[PDB]
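Observations on the model geometry
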Amino acid sequence: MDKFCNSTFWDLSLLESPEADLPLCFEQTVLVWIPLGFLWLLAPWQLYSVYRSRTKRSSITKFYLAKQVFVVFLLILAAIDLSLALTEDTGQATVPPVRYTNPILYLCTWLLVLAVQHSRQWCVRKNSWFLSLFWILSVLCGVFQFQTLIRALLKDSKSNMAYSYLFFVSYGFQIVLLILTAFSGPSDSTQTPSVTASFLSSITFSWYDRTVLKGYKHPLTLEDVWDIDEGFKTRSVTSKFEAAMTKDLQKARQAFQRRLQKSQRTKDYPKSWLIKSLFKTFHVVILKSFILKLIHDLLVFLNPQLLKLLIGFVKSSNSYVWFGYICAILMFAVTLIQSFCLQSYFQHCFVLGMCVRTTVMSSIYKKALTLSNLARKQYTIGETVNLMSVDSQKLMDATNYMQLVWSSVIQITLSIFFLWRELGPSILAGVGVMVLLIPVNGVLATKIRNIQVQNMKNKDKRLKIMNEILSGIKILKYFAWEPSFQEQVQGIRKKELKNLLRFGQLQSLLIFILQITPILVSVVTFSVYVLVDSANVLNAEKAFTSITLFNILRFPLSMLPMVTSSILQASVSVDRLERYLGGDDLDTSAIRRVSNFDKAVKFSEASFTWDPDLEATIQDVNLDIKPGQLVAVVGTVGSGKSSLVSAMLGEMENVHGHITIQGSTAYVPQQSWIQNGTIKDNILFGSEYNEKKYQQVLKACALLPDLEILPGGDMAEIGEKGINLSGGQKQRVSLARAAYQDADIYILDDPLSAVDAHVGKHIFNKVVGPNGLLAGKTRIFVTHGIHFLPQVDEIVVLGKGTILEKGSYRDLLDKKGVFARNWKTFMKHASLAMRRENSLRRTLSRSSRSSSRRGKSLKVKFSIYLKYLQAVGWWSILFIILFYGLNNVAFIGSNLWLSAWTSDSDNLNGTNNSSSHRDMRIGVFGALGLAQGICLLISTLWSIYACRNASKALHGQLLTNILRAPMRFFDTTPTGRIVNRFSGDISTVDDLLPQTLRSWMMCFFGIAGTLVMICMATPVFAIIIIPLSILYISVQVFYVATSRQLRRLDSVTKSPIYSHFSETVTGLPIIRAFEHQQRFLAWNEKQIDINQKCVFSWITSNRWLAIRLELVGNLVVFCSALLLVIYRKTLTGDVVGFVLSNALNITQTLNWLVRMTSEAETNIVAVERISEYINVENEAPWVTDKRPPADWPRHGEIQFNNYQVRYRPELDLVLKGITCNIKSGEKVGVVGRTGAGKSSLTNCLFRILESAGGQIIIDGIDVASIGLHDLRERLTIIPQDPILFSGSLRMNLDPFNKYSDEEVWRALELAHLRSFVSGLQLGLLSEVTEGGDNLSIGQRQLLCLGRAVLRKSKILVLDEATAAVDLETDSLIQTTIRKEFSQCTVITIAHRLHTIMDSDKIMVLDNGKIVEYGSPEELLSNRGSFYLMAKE
């Protein structure tokens, strides 16, 4: 067959030459039969599989014509080649038989290509794997022919200019076709591009390349992320799952039933069916992921072998040059292909995890709607929504880590094999270190978790103290108490800081072990290797290929414990879920919803029970209600009327009889149920909107006054924001919803409980009365009132679960049997915050085991960074940076030394075999490893102490400044916001931020060390890191910008699923009664899909990132390999080893660095907010220059001078120049219009509001010229609303401990708390809960006045809140104030006139100005505004 080209084809010796080109005939035979063979062996299948497809869908577009035209051009070239071959046949006497076989072949093939590119018009995926891969393969195989011909043409050998030139042009067209087939075509109608993108643009996730730009320009919104395709929609996956489940569930139910009946002749449930059902429904994706993972696990072990070949080549100086370029190119190609396989495996695996979580949440919801009440009472609503919110997450985590449990053992076994095959049985020393460091990592992780839990408890205590400080800041300002509470929260914070330091030290040990495992394993392996034998030499190939294999081995061997832990947690999660879904549905045998019947409601001989073991709550019942027949059942409390209602709907288990119901029911429960949303949405309750009926039912049910009181009217949002409607509004809203629903039977069940009498009668008359809106509808009332009965249609009295009698009210008042007796007698008739946070703690402490591999599974202005770094210190971060740079320099030195230890095998100069030399080598290698370890410990421990100092200082400043901010700041800012800055931002600064910054430093220095090694070998590489740096910088910028918003959107969308599930499982009787299950199913599926698209877009963002980063690391490896092949005449094999076994470890560090840059951007906003509250404006100085004469109020003489005060510097004066005077000892009341300036007086004597004009002078000293605390301590107050600080009676009465126990007891006896306080066990140290739960209201203000009396100043400003307190309390207050504060100036602010005439003086204050002065005796003679207001 050699004659086919008149020249030899399989020579194999032309390669054995410096400039070694392939033989032409070999090329034109096999490098042409490979692509054409691929095209022909599969094309009939592609055509046979496409021409049985959907509509022609032959939209004639621009790529389709471009590709057809280029293939036509190229067919024309093939025909021209045939013509020239025949023309040469007319010339020479002999022609190779292939000179026409090759062109003819192309002719046929291109027709086929023209018939495949047209075929694509029928499919949705235009450019598929087949034709795209054929173009790749053809362009790849033709480069050999290209290079041969061009090299021969520069020789000007005159062989054939025409053949060579037509080949050049045909190859150009094949390049343009490959490019034009990579491009995803002109996308059709607005589908997600995941299913219209070409093969290459879908392998590299380059169809996501426009979401990333779009998210970088302006932030993404829920309408900027494309919908997930229809195969993942909740309805689709749940339908598939239920088809695959029903059979397994039934089989397990049969097994459980047979087991129970065998036992009998709750700890058993139909079990071991969920995991089989999930595999039987997702097995195709399981296989796809399995095969992709297998291919990647086999491809991982080619790069060490190519590295071995390249070291060997650079060593042997008599080798060819075409070998080594081939090895560098193969390193690039293998890393590219394994990147594609791995990223596609992640996409499959993570989307399968998402689909498993989706189908499980949807199954949970579908089951909660039909769970038997007997099985529904076992759980709690918090625990059920927990079953949705943690169990499905655990099952998703197991689904992600499911393929690692065998992939990691394949990788471990192959790595042990390939390490053995190089370094003999002394590999087990290194692998033994690697394995033996697993229990140590576990021990450190356990101690970390214990410290974290104790810290969490201590943090919650501090947070509760802070919350009671902030919510009662007014009193704390009054009595000058911020130093005491400052010290208390400082003590708790000091405890938390010590725990944080211990956490830090263990984290440091964990980091040191993580970063020193590789150097220690290599020193142990090489020492044990070179020692155990004399003829056991260590050369560059063994040393550096074994180092590469150790870096491959150490990742699976460390992730294996966490994978097994995740599987074992998901096992118990599966048991919990599988127990929920197996519980039998509620039975509807007893209650039948027929369509036609004689009576609307018919109870036939029925008894019903909550729990069959006990006696029936409702006994035998025989009754019938015809349409329109209003019935008002009445009975003793606990008789079962509420139970009768509950049984009618179906919320009871039948013990006997049955019930017939026709039409649609409407339920008004005793327990009110209001969904999250607006009053209008609740009233409509998912029904058609009609303004006539809507306004009629608002008017009838008397909501209009409530809407007028409420801010938004019928648009106010209930729940999740907080309106907490009083029982009247809730009950009216429920009744309005029922009335608007327009049902057939209305089961009114005590709908006038929390309602006033007259409004209740109005509601009865215009809602359920005979003239009400519900005249024609059967309406069963459940009454605790009587006055409605004289006009109700019919009465059924109930007792002991049985009807005593039924009749009209006339019969009730006439028959005088049980009728009159009943008529006479009836007159006298949180859970998630501590658990949902636990799963976040677990998945953040388990995915924080990055180990430079944070691709395992994942979950701003420079001034802010400068603020944090200024807090942590500047010398500290200088020495942290320096002592990690020393670590990296020692690592570079260690590699350089190993390169000079493997080198003494080549230069076997006699002296490189003595035992002293080997001892020196292994000793200095160990010393370099030890120096690296010491530098790392110093750096990390210093980092921990410095970052602890930063956290301490930041919290100190924030708390010292918040406690000293004028009351306007606390009025204009929600307490929730400040507490949230003290809770989740001090925590971020404490825990997450230091480790994120430290890890960023470690990644940066690892990269810099690798790059300086590469550039130390071949310095030209310092120029190929200016474009690589630009590519990497652009990648991280785009990825972090987009991923931040995707994570935010996912978090925003996740919560509504659980909120809606909790609202469904809470108000289930109402949903079932209105017959609204399908609407709620649809809503839950909609919310799940809206979340699903965000989480899927996040997954794809991660894959986009990973492809780009593996490309950057691949280009580093490939460029260094090329520069070490090119420059081989000046370097050695050892340099190749240590340059190229490190560049292989540059993609993991790049992934880690991008992830940590994103994390630092996310976390530093905590410092942003903390620094925002550090700078909040402060009050006046507490102590400025002056002191009192040991007692500033001598007798309480207060003088005003046209005082003018403003609430906020941009507003109008509330006081407009008051000029009055109070002498020593008089009692002054102040009066006026509502909002005329009452509050400002008691708010301005304490300087809480600074003067805008005028001044107040006490005892000849102006208020504005003394320190704020100095003045504020010397007065006295009884605040408007008594706030009690949780703790001890001693602290509440006296936190400063300045008052002795004897006088505290004397003041408490003056306040007369001996009966209540002395009777307590501890006495004056009795615990005080958060205000209430003890110390009755009267005790509360009596304690407040005790505080006032032990303060015992000469000035008593006070005001009254409400008269709800017992009159004895007010009388005691006034008597005490008059008996022990008689000789003290008193100012009272009262809006109740009846307690003011007793005052020695009254000030009249309207519109912020005085009206009259003098005593009430001096007033009442006149008839001024005081008279116009008093006694009326």
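Cut-off values and rules
Residues numbered from 1 in each chain as written, not as in the entry; some residues may be left out. Heavy atoms only, no water. Helix = DSSP H or I, 4+ residues; strand = E, 2+ residues; numbered from the N terminus. Buried < 20%, exposed > 50% of the residue type's maximum accessible area, 1.4 Å probe, protein only. Areas by Shrake-Rupley, 256 points an atom, 1.4 Å probe, with all protein chains shown as cover. Axes fitted to C-alpha atoms, helices over the stretch in contact; angles between N-to-C directions. Parallel < 35°, antiparallel > 145°, perpendicular 65-115°, else oblique. Left-handed = near helix turned anticlockwise from the far one by under 90°. Contact = heavy atoms within 4.5 Å. Disulfide = S-S within 2.5 Å. Domains from an automatic or database assignment. Pairing = 2+ DSSP bridges. Arc of directions from axis to C-beta. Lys, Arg positive; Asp, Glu negative; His and termini not counted. Salt bridge = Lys/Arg side-chain N within 4 Å of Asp/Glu carboxyl O. Polar contact = N/O pair within 3.5 Å; in protein donor to acceptor, adjacent residues only side chain to side chain. Nonpolar A, V, L, I, M, F, W, Y, C, P; charged D, E, K, R; others polar. 1 Å grid on protein atoms, 1.4 Å probe; cavity = no way out; pocket = protein on both sides within 12 Å on 5 of 7 lines; lining within 4 Å. Points joined across faces, edges and corners; volume = space filled by probe spheres on them.

So, on to the overall build of the protein chain. Each helix and strand counted, the protein chain has 49 helices and 25 strands in total. With respect to the principal axes defined by its C-alpha atoms, the protein chain has extents near 145 × 95 × 70 Å. When each of the 1432 residues of the protein chain is scored for burial, the buried share is 52%. With an accessible surface of roughly 65200 Å², the protein chain has 61% of that area assigned to carbon and sulfur atoms.

This brings us to the packing of helix α2 (residues 62-89) against helix α3 (residues 101-117). Relative orientation of the contacting elements α2 and α3 amounts to 165°, with a least axis distance of 9 Å. Classed by the angle they form, the pair α2 and α3 counts as roughly antiparallel. The crossing of α2 and α3 is left-handed. Taking contact as the criterion, the partners of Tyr64, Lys67, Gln68, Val71, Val72, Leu74, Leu75, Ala78, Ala79, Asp81 and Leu82 in α2 are, on α3, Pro103, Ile104, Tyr106, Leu107, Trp110, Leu111, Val113, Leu114 and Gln117.

The next point concerns the state of the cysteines. Taken as a whole and judged by the stated rule, the model has one disulfide. Disulfide pairing is shown between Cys5 and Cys25; the S-S distance is 2.0 Å. Its S-S torsion of approximately 65° makes the covalent link between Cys5 and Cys25 right-handed. Here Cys5 is found in the segment before α1 (24-50), whereas its partner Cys25 is found in helix α1, with 20 residues between them in sequence. Overall, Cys5 belongs to the buried group, its relative accessible area being 15%. What makes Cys25 buried here is its relative accessible area of 2%. Lacking any disulfide linkage, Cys349 is separated from the closest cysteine sulfur, that of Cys355, by 12 Å. Overall, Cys349 belongs to the buried group, its relative accessible area being 2%. In this structure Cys1094 is a free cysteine whose sulfur lies 15 Å from that of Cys355, the closest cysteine sulfur available. A relative accessible area of 0% places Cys1094 in the buried class.

Here we come to the domain arrangement of the protein chain. The domain boundaries assigned to the protein chain delineate domain 1 (2-197), domain 2 (627-650 + 664-828) and domain 3 (1198-1429). The distance between the C-alpha centroids of domain 2 and domain 3 comes to 47 Å.

This brings us to the sheet that holds strand β6 (residues 665-668). Overall, mixed pairing links the six strands, which are arranged β6-β9-β10-β4-β11-β12 in an open sheet. Here the strands that pair on one side only, and so sit at the sheet edges, are β6 and β12 (802-807). Here the strands of the sheet are splayed against their neighbours by 15° on average, with no regard to which way each runs.

Of all the residues in helix α29 (residues 862-872), the buried ones are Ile864, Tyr865, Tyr868 and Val872. Summarising the axial view, the buried residues of α29 lie within an arc of 100°, below the 170-degree limit, and thus occupy one face. In α29, the exposed positions angled more than 90 degrees off the buried face are occupied by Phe862 and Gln870. Packing partners of the buried residues in α29 comprise α30 (875-899), α31 (915-962), α34 (986-1017), α39 (1147-1163) and α40 (1165-1174). Positive backbone phi, at 110°, marks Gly873, one or two positions downstream of α29.

Right, let's get into the environment of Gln995. If you trace the backbone, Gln995 turns up in helix α34. Among the residues examined, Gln995 registers a relative accessible area of 21% and is labelled partly exposed. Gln995 sits 51 residues away from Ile944 along the chain, and the two C-alpha atoms are 8.9 Å apart. For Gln995, the residues in contact, after removing those within four places along its chain, are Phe503 and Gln507.

Let's shift gears to the side chain of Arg1128. Looking at the secondary structure, you find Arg1128 in the loop between α37 (1077-1126) and α38 (1133-1143). It turns out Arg1128 is buried and unbridged, and the closest side chain with the opposite charge, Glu19, is 8.0 Å from it. Here the side chain of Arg1128 touches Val1125 through a polar contact of 3.2 Å, landing on its backbone oxygen. Setting aside its immediate chain neighbours within four residues, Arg1128 contacts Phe313, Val314 and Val321.

With that settled, the discussion passes to the packing of α31 against helix α33 (residues 975-983). At a minimum axis distance of 11 Å, the contact between α31 and α33 shows a crossing angle of 160°. With respect to their mutual orientation, α31 and α33 come out roughly antiparallel. For α31 against α33, the interelement crossing comes out left-handed. Two secondary-structure elements touch here, α31 through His955, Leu958, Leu959 and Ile962 and α33 through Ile978, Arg981 and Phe982. Grouping the amino acids of the contact of α31 with α33 by side-chain chemistry returns five nonpolar, one polar and one charged.

A large share of strand β4 (residues 631-635) lies buried, amounting to five of its five residues. Burial along β4 is two-sided: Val631, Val633 and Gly635 facing one way and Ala632 and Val634 facing the other are all buried. Relative to strand β11 (residues 795-799), β4 is paired through two bridges, and the arrangement is parallel. Residue pairing in the sheet places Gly635 in a bridge with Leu798 of β11.

Attention shifts here to empty space enclosed by the protein. Reported here for the largest cavity is a volume of approximately 850 Å³. Every residue lining the largest cavity is counted, 41 residues in all, and those nearest its centre are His296, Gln338, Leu342, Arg853 and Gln1148. When residues of the lining of the largest cavity are traced back to their parent elements, those giving at least two are α9 (274-299), α10 (303-315), α11 (322-368), α14 (404-423), α18 (540-553), α19 (556-580), α37 and α39. A per-element tally of the lining of the largest cavity places α11 first, with eight residues. Residue composition of the lining of the largest cavity, by class: 15 nonpolar, 19 polar and seven charged.

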